[PDB]
Structure formats: C-alpha cells, structure tokens
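K.L.:
I'm passing along data_23.pdb; it holds PDB, N, CA and C atoms and all ligand atoms.
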ATOM      1  N   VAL A   1     -57.045  18.994  41.581
ATOM      2  CA  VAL A   1     -56.284  19.030  42.907
ATOM      3  C   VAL A   1     -56.636  20.350  43.603
ATOM      4  N   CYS A   2     -56.983  20.302  44.891
ATOM      5  CA  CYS A   2     -57.374  21.494  45.659
ATOM      6  C   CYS A   2     -56.270  22.549  45.602
ATOM      7  N   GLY A   3     -56.660  23.774  45.296
ATOM      8  CA  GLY A   3     -55.764  24.931  45.192
ATOM      9  C   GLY A   3     -55.598  25.706  46.489
ATOM     10  N   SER A   4     -56.125  25.213  47.600
ATOM     11  CA  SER A   4     -56.123  25.941  48.890
ATOM     12  C   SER A   4     -54.706  26.086  49.429
ATOM     13  N   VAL A   5     -54.353  27.284  49.885
ATOM     14  CA  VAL A   5     -53.079  27.536  50.610
ATOM     15  C   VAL A   5     -53.469  28.123  51.960
ATOM     16  N   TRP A   6     -52.674  27.851  52.970
ATOM     17  CA  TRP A   6     -52.882  28.434  54.303
ATOM     18  C   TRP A   6     -51.554  28.715  54.988
ATOM     19  N   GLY A   7     -51.661  29.541  56.008
ATOM     20  CA  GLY A   7     -50.519  30.050  56.771
ATOM     21  C   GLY A   7     -50.291  29.315  58.072
ATOM     22  N   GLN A   8     -49.204  29.698  58.762
ATOM     23  CA  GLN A   8     -48.770  28.931  59.927
ATOM     24  C   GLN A   8     -49.868  28.942  60.995
ATOM     25  N   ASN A   9     -50.690  29.974  61.147
ATOM     26  CA  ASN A   9     -51.684  29.977  62.258
ATOM     27  C   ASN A   9     -53.085  29.611  61.773
ATOM     28  N   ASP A  10     -53.161  28.922  60.646
ATOM     29  CA  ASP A  10     -54.408  28.385  60.080
ATOM     30  C   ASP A  10     -54.485  26.882  60.363
ATOM     31  N   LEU A  11     -55.612  26.463  60.925
ATOM     32  CA  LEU A  11     -55.811  25.015  61.144
ATOM     33  C   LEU A  11     -55.940  24.270  59.826
ATOM     34  N   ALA A  12     -55.471  23.014  59.861
ATOM     35  CA  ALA A  12     -55.676  22.064  58.748
ATOM     36  C   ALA A  12     -55.791  20.660  59.328
ATOM     37  N   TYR A  13     -55.935  19.659  58.467
ATOM     38  CA  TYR A  13     -56.017  18.285  58.958
ATOM     39  C   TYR A  13     -54.870  17.423  58.442
ATOM     40  N   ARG A  14     -54.317  16.645  59.367
ATOM     41  CA  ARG A  14     -53.518  15.472  59.018
ATOM     42  C   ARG A  14     -54.438  14.267  59.117
ATOM     43  N   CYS A  15     -54.193  13.297  58.291
ATOM     44  CA  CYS A  15     -54.915  12.004  58.398
ATOM     45  C   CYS A  15     -53.896  10.917  58.166
ATOM     46  N   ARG A  16     -53.511  10.319  59.250
ATOM     47  CA  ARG A  16     -52.556   9.243  59.126
ATOM     48  C   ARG A  16     -52.996   7.962  58.244
ATOM     49  N   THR A  17     -54.338   7.806  58.247
ATOM     50  CA  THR A  17     -54.986   6.767  57.421
ATOM     51  C   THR A  17     -54.791   7.027  55.912
ATOM     52  N   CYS A  18     -54.928   8.302  55.504
ATOM     53  CA  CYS A  18     -54.964   8.739  54.077
ATOM     54  C   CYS A  18     -53.598   9.192  53.547
ATOM     55  N   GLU A  19     -52.676   9.593  54.399
ATOM     56  CA  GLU A  19     -51.472  10.303  53.928
ATOM     57  C   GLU A  19     -50.527   9.313  53.269
ATOM     58  N   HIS A  20     -49.671   9.819  52.389
ATOM     59  CA  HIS A  20     -48.513   9.034  51.872
ATOM     60  C   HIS A  20     -47.241   9.373  52.630
ATOM     61  N   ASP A  21     -47.226  10.447  53.400
ATOM     62  CA  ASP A  21     -46.110  10.656  54.334
ATOM     63  C   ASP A  21     -46.567  11.630  55.398
ATOM     64  N   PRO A  22     -45.797  11.713  56.492
ATOM     65  CA  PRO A  22     -46.165  12.522  57.640
ATOM     66  C   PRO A  22     -46.392  14.021  57.381
ATOM     67  N   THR A  23     -45.850  14.589  56.300
ATOM     68  CA  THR A  23     -45.939  16.039  55.978
ATOM     69  C   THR A  23     -47.233  16.358  55.223
ATOM     70  N   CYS A  24     -47.985  15.361  54.805
ATOM     71  CA  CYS A  24     -49.220  15.604  54.027
ATOM     72  C   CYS A  24     -50.298  16.246  54.911
ATOM     73  N   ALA A  25     -51.178  17.020  54.263
ATOM     74  CA  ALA A  25     -52.269  17.703  54.969
ATOM     75  C   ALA A  25     -53.325  18.106  53.968
ATOM     76  N   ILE A  26     -54.545  18.240  54.475
ATOM     77  CA  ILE A  26     -55.666  18.760  53.660
ATOM     78  C   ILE A  26     -56.350  19.890  54.400
ATOM     79  N   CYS A  27     -56.952  20.788  53.665
ATOM     80  CA  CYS A  27     -57.643  21.970  54.225
ATOM     81  C   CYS A  27     -58.917  21.545  54.979
ATOM     82  N   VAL A  28     -59.379  22.421  55.843
ATOM     83  CA  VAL A  28     -60.551  22.072  56.664
ATOM     84  C   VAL A  28     -61.720  21.717  55.740
ATOM     85  N   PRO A  29     -62.083  22.509  54.713
ATOM     86  CA  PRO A  29     -63.227  22.126  53.879
ATOM     87  C   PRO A  29     -63.068  20.789  53.158
ATOM     88  N   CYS A  30     -61.856  20.483  52.687
ATOM     89  CA  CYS A  30     -61.646  19.187  52.046
ATOM     90  C   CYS A  30     -61.837  18.064  53.069
ATOM     91  N   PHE A  31     -61.382  18.245  54.301
ATOM     92  CA  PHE A  31     -61.642  17.249  55.358
ATOM     93  C   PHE A  31     -63.153  17.092  55.557
ATOM     94  N   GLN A  32     -63.849  18.201  55.771
ATOM     95  CA  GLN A  32     -65.300  18.181  56.087
ATOM     96  C   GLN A  32     -66.081  17.493  54.971
ATOM     97  N   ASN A  33     -65.650  17.647  53.732
ATOM     98  CA  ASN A  33     -66.397  17.159  52.552
ATOM     99  C   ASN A  33     -65.942  15.765  52.160
ATOM    100  N   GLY A  34     -65.088  15.109  52.948
ATOM    101  CA  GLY A  34     -64.633  13.735  52.716
ATOM    102  C   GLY A  34     -65.045  12.800  53.839
ATOM    103  N   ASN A  35     -64.617  11.563  53.685
ATOM    104  CA  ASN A  35     -65.038  10.428  54.540
ATOM    105  C   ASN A  35     -63.821   9.940  55.327
ATOM    106  N   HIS A  36     -63.758  10.289  56.602
ATOM    107  CA  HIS A  36     -62.619   9.870  57.463
ATOM    108  C   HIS A  36     -63.131   9.245  58.742
ATOM    109  N   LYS A  37     -64.329   8.676  58.715
ATOM    110  CA  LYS A  37     -64.873   8.014  59.911
ATOM    111  C   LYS A  37     -63.940   6.825  60.263
ATOM    112  N   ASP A  38     -63.600   6.813  61.518
ATOM    113  CA  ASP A  38     -62.651   5.871  62.141
ATOM    114  C   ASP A  38     -61.251   6.002  61.569
ATOM    115  N   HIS A  39     -60.938   7.097  60.878
ATOM    116  CA  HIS A  39     -59.532   7.312  60.483
ATOM    117  C   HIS A  39     -58.766   7.909  61.650
ATOM    118  N   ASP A  40     -57.432   7.813  61.589
ATOM    119  CA  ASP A  40     -56.541   8.443  62.582
ATOM    120  C   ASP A  40     -56.247   9.859  62.112
ATOM    121  N   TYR A  41     -57.196  10.746  62.290
ATOM    122  CA  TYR A  41     -56.997  12.151  61.884
ATOM    123  C   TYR A  41     -56.861  13.072  63.086
ATOM    124  N   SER A  42     -56.279  14.238  62.794
ATOM    125  CA  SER A  42     -56.002  15.308  63.765
ATOM    126  C   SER A  42     -56.216  16.662  63.102
ATOM    127  N   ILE A  43     -57.085  17.495  63.663
ATOM    128  CA  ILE A  43     -57.027  18.936  63.336
ATOM    129  C   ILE A  43     -55.848  19.539  64.094
ATOM    130  N   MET A  44     -55.048  20.334  63.421
ATOM    131  CA  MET A  44     -53.801  20.866  64.028
ATOM    132  C   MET A  44     -53.191  21.955  63.140
ATOM    133  N   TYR A  45     -52.105  22.541  63.606
ATOM    134  CA  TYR A  45     -51.306  23.463  62.778
ATOM    135  C   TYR A  45     -50.256  22.633  62.058
ATOM    136  N   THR A  46     -49.859  23.082  60.868
ATOM    137  CA  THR A  46     -48.965  22.333  59.957
ATOM    138  C   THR A  46     -47.820  23.207  59.463
ATOM    139  N   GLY A  47     -47.606  24.405  60.010
ATOM    140  CA  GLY A  47     -46.582  25.343  59.521
ATOM    141  C   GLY A  47     -46.999  25.957  58.201
ATOM    142  N   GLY A  48     -48.297  25.926  57.883
ATOM    143  CA  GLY A  48     -48.806  26.458  56.616
ATOM    144  C   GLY A  48     -48.663  25.412  55.557
ATOM    145  N   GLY A  49     -49.150  25.680  54.374
ATOM    146  CA  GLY A  49     -48.959  24.709  53.304
ATOM    147  C   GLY A  49     -50.012  24.798  52.225
ATOM    148  N   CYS A  50     -49.997  23.784  51.397
ATOM    149  CA  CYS A  50     -50.909  23.657  50.239
ATOM    150  C   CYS A  50     -51.700  22.370  50.434
ATOM    151  N   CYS A  51     -52.933  22.354  50.000
ATOM    152  CA  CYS A  51     -53.785  21.170  50.229
ATOM    153  C   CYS A  51     -53.361  19.994  49.344
ATOM    154  N   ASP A  52     -53.422  18.772  49.871
ATOM    155  CA  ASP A  52     -53.057  17.533  49.150
ATOM    156  C   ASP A  52     -54.297  16.848  48.572
ATOM    157  N   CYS A  53     -55.499  17.389  48.803
ATOM    158  CA  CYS A  53     -56.747  16.716  48.360
ATOM    159  C   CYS A  53     -56.814  16.657  46.835
ATOM    160  N   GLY A  54     -56.985  15.464  46.299
ATOM    161  CA  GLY A  54     -56.981  15.252  44.827
ATOM    162  C   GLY A  54     -55.647  14.826  44.284
ATOM    163  N   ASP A  55     -54.556  14.951  45.068
ATOM    164  CA  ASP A  55     -53.186  14.621  44.632
ATOM    165  C   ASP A  55     -52.892  13.151  44.939
ATOM    166  N   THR A  56     -52.980  12.278  43.938
ATOM    167  CA  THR A  56     -52.759  10.821  44.143
ATOM    168  C   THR A  56     -51.318  10.523  44.594
ATOM    169  N   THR A  57     -50.325  11.396  44.356
ATOM    170  CA  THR A  57     -48.948  11.211  44.856
ATOM    171  C   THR A  57     -48.863  11.443  46.366
ATOM    172  N   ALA A  58     -49.832  12.138  46.974
ATOM    173  CA  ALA A  58     -49.686  12.583  48.372
ATOM    174  C   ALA A  58     -50.743  11.957  49.276
ATOM    175  N   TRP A  59     -51.881  11.567  48.708
ATOM    176  CA  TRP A  59     -53.095  11.270  49.514
ATOM    177  C   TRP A  59     -53.854  10.104  48.865
ATOM    178  N   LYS A  60     -54.387   9.203  49.681
ATOM    179  CA  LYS A  60     -55.157   8.042  49.137
ATOM    180  C   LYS A  60     -56.455   8.543  48.481
ATOM    181  N   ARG A  61     -56.867   7.970  47.344
ATOM    182  CA  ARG A  61     -58.090   8.397  46.618
ATOM    183  C   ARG A  61     -59.345   8.295  47.501
ATOM    184  N   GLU A  62     -59.406   7.343  48.412
ATOM    185  CA  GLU A  62     -60.616   7.162  49.259
ATOM    186  C   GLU A  62     -60.753   8.331  50.238
ATOM    187  N   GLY A  63     -59.671   9.100  50.408
ATOM    188  CA  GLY A  63     -59.626  10.264  51.288
ATOM    189  C   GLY A  63     -59.845  11.576  50.555
ATOM    190  N   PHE A  64     -60.149  11.567  49.255
ATOM    191  CA  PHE A  64     -60.455  12.811  48.514
ATOM    192  C   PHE A  64     -61.854  13.281  48.884
ATOM    193  N   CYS A  65     -62.047  14.588  48.966
ATOM    194  CA  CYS A  65     -63.414  15.121  49.181
ATOM    195  C   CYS A  65     -64.271  14.978  47.921
ATOM    196  N   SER A  66     -65.554  15.234  48.110
ATOM    197  CA  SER A  66     -66.582  15.134  47.051
ATOM    198  C   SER A  66     -66.188  16.015  45.862
ATOM    199  N   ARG A  67     -65.481  17.114  46.104
ATOM    200  CA  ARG A  67     -65.245  18.196  45.115
ATOM    201  C   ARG A  67     -63.958  17.942  44.319
ATOM    202  N   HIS A  68     -63.027  17.062  44.761
ATOM    203  CA  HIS A  68     -61.737  16.787  44.063
ATOM    204  C   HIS A  68     -61.469  15.277  43.948
TER     205      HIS A  68
HETATM  206 ZN    ZN B 101     -58.489   9.877  56.230
HETATM  207 ZN    ZN B 102     -58.373  21.430  50.051
HETATM  208 ZN    ZN B 103     -60.912  18.348  48.257
END
In structure tokens, write the structure found in this file.

P.N.:
Amino acid sequence: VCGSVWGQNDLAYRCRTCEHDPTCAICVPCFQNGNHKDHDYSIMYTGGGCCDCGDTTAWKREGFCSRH
C-alpha cells in the first residue's frame, strides 16, 4: 500500500470510477503510473491525506498503479 502523505496545499487525485467512497484519494505519482483512461477523475486539493493506492478497502484493484 502506498506510503505517500501530503498536506492541504498539495495536489492529489480523486477518481470517482476507482474510489470506494468520496473521501478516497491517490497521490499524483500513483495516478500517473495507473490506468484511468475514460475514468471520472479530478486533480484537486483533498485537505491533505494518505494515499489509497494498493488499499483494496478504499480503491478498486484495476485503479492500482504499476508499483502497488
Ligand atoms: Zn480511476
Ligand atoms: Zn500513492
Ligand atoms: Zn500506487
């Protein structure tokens, strides 16, 4: 599971296609290294947080990056 943490003024990605709930998010590198073509994604601020990439409780497996 990605160990990335970020702060309130750090960009991250939401992906409505991949998420298990509206609060889920993944770090920019995990987004870049995954497959979200034609997904409903948004680069945005998230109030900071921890990456959900690799976490099957938070994020769909098809939305995991190459590295997790
Ligand atoms: Zn996605
Ligand atoms: Zn990540
Ligand atoms: Zn990842």

K.L.:
Step by step, measure atom-to-atom distances between ligand ZN 102 (chain B) and each residue using all atoms listed in the file, keep those at most 6 Å, then write them as a list in words.

P.N.:
residues 2, 3, 4, 26, 27, 28, 29, 30, 51, 52 and 53 of chain A

K.L.:
Which residue out of A:50, A:12, A:18, A:5 has the minimum interatomic distance to ligand ZN 101 (chain B) when only N, CA and C atoms and all ligand atoms are used?

P.N.:
A:18

K.L.:
Nearest to residue 6 in chain A among A:63, A:47, A:22, A:34, with distances taken over all atoms listed in the file: which residue is it?

P.N.:
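Residue with the minimum atom-to-atom distance to residue 6 in chain A: A:47.
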
K.L.:
Based on the backbone DSSP call, show me all residues of chain A assigned helix (DSSP H, G or I), as a VMD selection string.

P.N.:
chain A and resid 28 to 32 61 to 63

K.L.:
Applied to this file, what does the PyMOL selection byres (((chain A and resi 17 and name CA) around 6) and not hetatm and name CA) return in terms of residues, put as a count of residues only?

P.N.:
5

K.L.:
Env of residue 9 in chain A: 9 Å cut, atoms = only C-alpha atoms, seq-sep filter 2 positions within chain, self excluded. Answer as number ranges by chain.

P.N.:
A: 6-7, 11, 45-48

K.L.:
Let's have the selection written as an mmCIF file, in the frame of the given file, with N, CA and C atoms.

P.N.:
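Result saved to again_1.cif:
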data_model
loop_
_atom_site.group_PDB
_atom_site.id
_atom_site.type_symbol
_atom_site.label_atom_id
_atom_site.label_comp_id
_atom_site.auth_asym_id
_atom_site.auth_seq_id
_atom_site.Cartn_x
_atom_site.Cartn_y
_atom_site.Cartn_z
ATOM 1 N N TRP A 6 -52.674 27.851 52.970
ATOM 2 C CA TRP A 6 -52.882 28.434 54.303
ATOM 3 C C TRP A 6 -51.554 28.715 54.988
ATOM 4 N N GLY A 7 -51.661 29.541 56.008
ATOM 5 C CA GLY A 7 -50.519 30.050 56.771
ATOM 6 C C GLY A 7 -50.291 29.315 58.072
ATOM 7 N N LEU A 11 -55.612 26.463 60.925
ATOM 8 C CA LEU A 11 -55.811 25.015 61.144
ATOM 9 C C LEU A 11 -55.940 24.270 59.826
ATOM 10 N N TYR A 45 -52.105 22.541 63.606
ATOM 11 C CA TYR A 45 -51.306 23.463 62.778
ATOM 12 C C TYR A 45 -50.256 22.633 62.058
ATOM 13 N N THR A 46 -49.859 23.082 60.868
ATOM 14 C CA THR A 46 -48.965 22.333 59.957
ATOM 15 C C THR A 46 -47.820 23.207 59.463
ATOM 16 N N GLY A 47 -47.606 24.405 60.010
ATOM 17 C CA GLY A 47 -46.582 25.343 59.521
ATOM 18 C C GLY A 47 -46.999 25.957 58.201
ATOM 19 N N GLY A 48 -48.297 25.926 57.883
ATOM 20 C CA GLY A 48 -48.806 26.458 56.616
ATOM 21 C C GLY A 48 -48.663 25.412 55.557
#

K.L.:
Which residues match the PyMOL selection byres (((chain A and resi 59) around 8) and not hetatm) in the file above, as a list in words?

P.N.:
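Applied to this file, the PyMOL selection byres (((chain A and resi 59) around 8) and not hetatm) selects residues 17, 18, 19, 20, 21, 24, 25, 52, 53, 54, 55, 56, 57, 58, 60, 61, 62, 63 and 64 of chain A.
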
K.L.:
Can I get the selected residues back with N, CA and C atoms, as an mmCIF file, keeping the file's coordinate frame?

P.N.:
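This is the output file selection-v2.cif:
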data_model
loop_
_atom_site.group_PDB
_atom_site.id
_atom_site.type_symbol
_atom_site.label_atom_id
_atom_site.label_comp_id
_atom_site.auth_asym_id
_atom_site.auth_seq_id
_atom_site.Cartn_x
_atom_site.Cartn_y
_atom_site.Cartn_z
ATOM 1 N N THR A 17 -54.338 7.806 58.247
ATOM 2 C CA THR A 17 -54.986 6.767 57.421
ATOM 3 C C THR A 17 -54.791 7.027 55.912
ATOM 4 N N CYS A 18 -54.928 8.302 55.504
ATOM 5 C CA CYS A 18 -54.964 8.739 54.077
ATOM 6 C C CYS A 18 -53.598 9.192 53.547
ATOM 7 N N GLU A 19 -52.676 9.593 54.399
ATOM 8 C CA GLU A 19 -51.472 10.303 53.928
ATOM 9 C C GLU A 19 -50.527 9.313 53.269
ATOM 10 N N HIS A 20 -49.671 9.819 52.389
ATOM 11 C CA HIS A 20 -48.513 9.034 51.872
ATOM 12 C C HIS A 20 -47.241 9.373 52.630
ATOM 13 N N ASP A 21 -47.226 10.447 53.400
ATOM 14 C CA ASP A 21 -46.110 10.656 54.334
ATOM 15 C C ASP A 21 -46.567 11.630 55.398
ATOM 16 N N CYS A 24 -47.985 15.361 54.805
ATOM 17 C CA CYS A 24 -49.220 15.604 54.027
ATOM 18 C C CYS A 24 -50.298 16.246 54.911
ATOM 19 N N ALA A 25 -51.178 17.020 54.263
ATOM 20 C CA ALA A 25 -52.269 17.703 54.969
ATOM 21 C C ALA A 25 -53.325 18.106 53.968
ATOM 22 N N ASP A 52 -53.422 18.772 49.871
ATOM 23 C CA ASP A 52 -53.057 17.533 49.150
ATOM 24 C C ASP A 52 -54.297 16.848 48.572
ATOM 25 N N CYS A 53 -55.499 17.389 48.803
ATOM 26 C CA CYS A 53 -56.747 16.716 48.360
ATOM 27 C C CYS A 53 -56.814 16.657 46.835
ATOM 28 N N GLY A 54 -56.985 15.464 46.299
ATOM 29 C CA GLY A 54 -56.981 15.252 44.827
ATOM 30 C C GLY A 54 -55.647 14.826 44.284
ATOM 31 N N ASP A 55 -54.556 14.951 45.068
ATOM 32 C CA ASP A 55 -53.186 14.621 44.632
ATOM 33 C C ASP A 55 -52.892 13.151 44.939
ATOM 34 N N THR A 56 -52.980 12.278 43.938
ATOM 35 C CA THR A 56 -52.759 10.821 44.143
ATOM 36 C C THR A 56 -51.318 10.523 44.594
ATOM 37 N N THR A 57 -50.325 11.396 44.356
ATOM 38 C CA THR A 57 -48.948 11.211 44.856
ATOM 39 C C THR A 57 -48.863 11.443 46.366
ATOM 40 N N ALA A 58 -49.832 12.138 46.974
ATOM 41 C CA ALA A 58 -49.686 12.583 48.372
ATOM 42 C C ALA A 58 -50.743 11.957 49.276
ATOM 43 N N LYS A 60 -54.387 9.203 49.681
ATOM 44 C CA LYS A 60 -55.157 8.042 49.137
ATOM 45 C C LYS A 60 -56.455 8.543 48.481
ATOM 46 N N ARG A 61 -56.867 7.970 47.344
ATOM 47 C CA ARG A 61 -58.090 8.397 46.618
ATOM 48 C C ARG A 61 -59.345 8.295 47.501
ATOM 49 N N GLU A 62 -59.406 7.343 48.412
ATOM 50 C CA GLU A 62 -60.616 7.162 49.259
ATOM 51 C C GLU A 62 -60.753 8.331 50.238
ATOM 52 N N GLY A 63 -59.671 9.100 50.408
ATOM 53 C CA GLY A 63 -59.626 10.264 51.288
ATOM 54 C C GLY A 63 -59.845 11.576 50.555
ATOM 55 N N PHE A 64 -60.149 11.567 49.255
ATOM 56 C CA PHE A 64 -60.455 12.811 48.514
ATOM 57 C C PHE A 64 -61.854 13.281 48.884
#

K.L.:
Quick one: pick out all strand (DSSP E) residues within chain A from a backbone DSSP run and write them as a tab-separated table (two decimals) with N, CA and C atoms, in the frame of the given file.

P.N.:
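Final output, saved to part_25.tsv:
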chain	number	residue	atom	x	y	z
A	5	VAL	N	-54.35	27.28	49.88
A	5	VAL	CA	-53.08	27.54	50.61
A	5	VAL	C	-53.47	28.12	51.96
A	6	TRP	N	-52.67	27.85	52.97
A	6	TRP	CA	-52.88	28.43	54.30
A	6	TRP	C	-51.55	28.72	54.99
A	12	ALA	N	-55.47	23.01	59.86
A	12	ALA	CA	-55.68	22.06	58.75
A	12	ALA	C	-55.79	20.66	59.33
A	13	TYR	N	-55.94	19.66	58.47
A	13	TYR	CA	-56.02	18.28	58.96
A	13	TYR	C	-54.87	17.42	58.44
A	14	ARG	N	-54.32	16.64	59.37
A	14	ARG	CA	-53.52	15.47	59.02
A	14	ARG	C	-54.44	14.27	59.12
A	15	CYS	N	-54.19	13.30	58.29
A	15	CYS	CA	-54.92	12.00	58.40
A	15	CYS	C	-53.90	10.92	58.17
A	41	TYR	N	-57.20	10.75	62.29
A	41	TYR	CA	-57.00	12.15	61.88
A	41	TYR	C	-56.86	13.07	63.09
A	42	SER	N	-56.28	14.24	62.79
A	42	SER	CA	-56.00	15.31	63.76
A	42	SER	C	-56.22	16.66	63.10
A	43	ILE	N	-57.08	17.50	63.66
A	43	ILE	CA	-57.03	18.94	63.34
A	43	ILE	C	-55.85	19.54	64.09
A	44	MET	N	-55.05	20.33	63.42
A	44	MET	CA	-53.80	20.87	64.03
A	44	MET	C	-53.19	21.96	63.14
A	49	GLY	N	-49.15	25.68	54.37
A	49	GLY	CA	-48.96	24.71	53.30
A	49	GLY	C	-50.01	24.80	52.22
A	50	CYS	N	-50.00	23.78	51.40
A	50	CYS	CA	-50.91	23.66	50.24
A	50	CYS	C	-51.70	22.37	50.43

K.L.:
Return the single residue from A:49, A:67, A:10, A:41 that is closest to ligand ZN 101 (chain B), with distances computed using all atoms listed in the file.

P.N.:
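Closest to ligand ZN 101 (chain B) of all the choices is A:41.
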
K.L.:
Work out how far CA of residue 68 in chain A is from CA of residue 31 in chain A, in Å to one decimal.

P.N.:
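Distance reported for this atom pair: 11.3 Å.
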
K.L.:
May I ask for the distance between atom C of residue 42 in chain A and CA of residue 14 in chain A, given in Å to one decimal place?

P.N.:
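Atom-to-atom, atom C of residue 42 in chain A and CA of residue 14 in chain A are spaced 5.0 Å apart.
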
K.L.:
Select, from A:44, A:8, A:13, A:38, the residue with the minimum atom-to-atom distance to ligand ZN 103 (chain B), counting only C-alpha atoms and all ligand atoms.

P.N.:
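Of A:44, A:8, A:13, A:38, the one nearest ligand ZN 103 (chain B), counting only C-alpha atoms and all ligand atoms, is A:13.
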
K.L.:
Could you work out how far atom C of residue 65 in chain A lies from atom C of residue 43 in chain A, giving the answer in Å with one decimal?

P.N.:
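Spanning atom C of residue 43 in chain A to atom C of residue 65 in chain A is a straight-line distance of 18.8 Å.
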
K.L.:
Complete range 17-32 of chain A with N, CA, C and O atoms (output as a PDB file, in the coordinates of the input).

P.N.:
ATOM      1  N   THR A  17     -54.338   7.806  58.247  1.00  0.00           N
ATOM      2  CA  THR A  17     -54.986   6.767  57.421  1.00  0.00           C
ATOM      3  C   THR A  17     -54.791   7.027  55.912  1.00  0.00           C
ATOM      4  O   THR A  17     -54.539   6.070  55.160  1.00  0.00           O
ATOM      5  N   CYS A  18     -54.928   8.302  55.504  1.00  0.00           N
ATOM      6  CA  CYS A  18     -54.964   8.739  54.077  1.00  0.00           C
ATOM      7  C   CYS A  18     -53.598   9.192  53.547  1.00  0.00           C
ATOM      8  O   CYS A  18     -53.427   9.175  52.326  1.00  0.00           O
ATOM      9  N   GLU A  19     -52.676   9.593  54.399  1.00  0.00           N
ATOM     10  CA  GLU A  19     -51.472  10.303  53.928  1.00  0.00           C
ATOM     11  C   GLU A  19     -50.527   9.313  53.269  1.00  0.00           C
ATOM     12  O   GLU A  19     -50.544   8.125  53.679  1.00  0.00           O
ATOM     13  N   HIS A  20     -49.671   9.819  52.389  1.00  0.00           N
ATOM     14  CA  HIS A  20     -48.513   9.034  51.872  1.00  0.00           C
ATOM     15  C   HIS A  20     -47.241   9.373  52.630  1.00  0.00           C
ATOM     16  O   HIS A  20     -46.326   8.519  52.651  1.00  0.00           O
ATOM     17  N   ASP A  21     -47.226  10.447  53.400  1.00  0.00           N
ATOM     18  CA  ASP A  21     -46.110  10.656  54.334  1.00  0.00           C
ATOM     19  C   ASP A  21     -46.567  11.630  55.398  1.00  0.00           C
ATOM     20  O   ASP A  21     -47.606  12.266  55.250  1.00  0.00           O
ATOM     21  N   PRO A  22     -45.797  11.713  56.492  1.00  0.00           N
ATOM     22  CA  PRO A  22     -46.165  12.522  57.640  1.00  0.00           C
ATOM     23  C   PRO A  22     -46.392  14.021  57.381  1.00  0.00           C
ATOM     24  O   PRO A  22     -47.022  14.607  58.195  1.00  0.00           O
ATOM     25  N   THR A  23     -45.850  14.589  56.300  1.00  0.00           N
ATOM     26  CA  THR A  23     -45.939  16.039  55.978  1.00  0.00           C
ATOM     27  C   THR A  23     -47.233  16.358  55.223  1.00  0.00           C
ATOM     28  O   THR A  23     -47.491  17.541  54.976  1.00  0.00           O
ATOM     29  N   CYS A  24     -47.985  15.361  54.805  1.00  0.00           N
ATOM     30  CA  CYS A  24     -49.220  15.604  54.027  1.00  0.00           C
ATOM     31  C   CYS A  24     -50.298  16.246  54.911  1.00  0.00           C
ATOM     32  O   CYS A  24     -50.320  16.027  56.175  1.00  0.00           O
ATOM     33  N   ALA A  25     -51.178  17.020  54.263  1.00  0.00           N
ATOM     34  CA  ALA A  25     -52.269  17.703  54.969  1.00  0.00           C
ATOM     35  C   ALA A  25     -53.325  18.106  53.968  1.00  0.00           C
ATOM     36  O   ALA A  25     -52.992  18.326  52.801  1.00  0.00           O
ATOM     37  N   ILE A  26     -54.545  18.240  54.475  1.00  0.00           N
ATOM     38  CA  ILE A  26     -55.666  18.760  53.660  1.00  0.00           C
ATOM     39  C   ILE A  26     -56.350  19.890  54.400  1.00  0.00           C
ATOM     40  O   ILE A  26     -56.329  19.927  55.630  1.00  0.00           O
ATOM     41  N   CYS A  27     -56.952  20.788  53.665  1.00  0.00           N
ATOM     42  CA  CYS A  27     -57.643  21.970  54.225  1.00  0.00           C
ATOM     43  C   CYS A  27     -58.917  21.545  54.979  1.00  0.00           C
ATOM     44  O   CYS A  27     -59.426  20.437  54.805  1.00  0.00           O
ATOM     45  N   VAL A  28     -59.379  22.421  55.843  1.00  0.00           N
ATOM     46  CA  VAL A  28     -60.551  22.072  56.664  1.00  0.00           C
ATOM     47  C   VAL A  28     -61.720  21.717  55.740  1.00  0.00           C
ATOM     48  O   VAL A  28     -62.359  20.706  55.951  1.00  0.00           O
ATOM     49  N   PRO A  29     -62.083  22.509  54.713  1.00  0.00           N
ATOM     50  CA  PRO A  29     -63.227  22.126  53.879  1.00  0.00           C
ATOM     51  C   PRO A  29     -63.068  20.789  53.158  1.00  0.00           C
ATOM     52  O   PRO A  29     -64.019  20.034  53.054  1.00  0.00           O
ATOM     53  N   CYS A  30     -61.856  20.483  52.687  1.00  0.00           N
ATOM     54  CA  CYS A  30     -61.646  19.187  52.046  1.00  0.00           C
ATOM     55  C   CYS A  30     -61.837  18.064  53.069  1.00  0.00           C
ATOM     56  O   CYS A  30     -62.468  17.081  52.722  1.00  0.00           O
ATOM     57  N   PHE A  31     -61.382  18.245  54.301  1.00  0.00           N
ATOM     58  CA  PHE A  31     -61.642  17.249  55.358  1.00  0.00           C
ATOM     59  C   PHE A  31     -63.153  17.092  55.557  1.00  0.00           C
ATOM     60  O   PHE A  31     -63.644  15.929  55.602  1.00  0.00           O
ATOM     61  N   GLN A  32     -63.849  18.201  55.771  1.00  0.00           N
ATOM     62  CA  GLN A  32     -65.300  18.181  56.087  1.00  0.00           C
ATOM     63  C   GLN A  32     -66.081  17.493  54.971  1.00  0.00           C
ATOM     64  O   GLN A  32     -67.082  16.886  55.260  1.00  0.00           O
TER      65      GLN A  32
END
